[PDB]
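Just the one chain here, laid out as structure tokens, in the form deposited in one PDB entry.
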């Protein structure tokens, strides 16, 4: 045996009973798997690396070069106890064997690597949906050892994070990867040090335009064609107005199926409900025209063209909706 494993008790950390042992971390992100709006979490796959020194693993050599071991020797030596804070579920790949790397230098320096998949929560805001921008983070912390026994820091500062060029999401644009560090306090155990990985996401608006914004606009313009039809065709204009109202209600209902039950109004809800009001006022407009015409006929009868409401509605209704779009798209850009 090259290493004298059997001659030491590895239940105690290096420098037991003394100062803390420094540990460095490197991370390479492989891919982001999925994002859920209803559950408000994301899935990430990454490579995690650790650096430390242990004099008990020293062996004699003349080349002074790192040597690689099969990786099942890990379960017999001391290893850090990092865990992902605020995670929902995670696992380590084990095909065809445990994805574990162990390299030991002659002086005792140790390199340890893993391949894990982690699901973590992210508090998203949907006030500006679907034109919103979201920021999420991943947290790494040691579970058992406090800052007085283990010091956790990035190995090379800002250069310790790498990303694969194949990272891509169909619905989101990924940007601004950076790392930060902060302390954490638990009231009954002590102080701990945390590491952060931050990134930003931006949606794509093309799908929502074709699916929601364009059908809504067309249904509104369908109601405007009733102002150019003769008012004597009562069974022709009434069904046109009513059916557009019901179809607009169907479009409104279908949008909410894919989103969580938030307690505030979203940007898309404003567009849909104002459009519903425009179609609803179209139905009331003809009822006023029909009622006034009948009253006039009876008044003229008791003595023994285009109605002004229709003439003005052809101009006011298109003008108001255009003004609404100008204001709406100026606020949400």
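Residue numbers count along the first chain shown, from 1. We call the rigid core the largest set of C-alpha positions that still match within 1.5 Å between the two forms.
Below, we turn to the form deposited in another entry, even though it does not appear here.
The only C-alpha among 285, 26, 54, 41 that moves by 2 Å or more between this form and the one not shown, given a superposition on the rigid core, is that of 285. Relative to the superposed rigid core, the position of the CA of residue 212 differs between this form and the one not shown by 2 Å or more.
Put the two forms on the same core and the Cα of residue 231 is off by 2 Å or more between this form and the one not shown. Relative to the superposed core, residue 182 undergoes a Cα shift smaller than 2 Å between this form and the one not shown. Relative to the displayed conformation, the Cα-Cα distance from residue 262 to residue 168 shrinks by 3 Å or more in that other deposited form.
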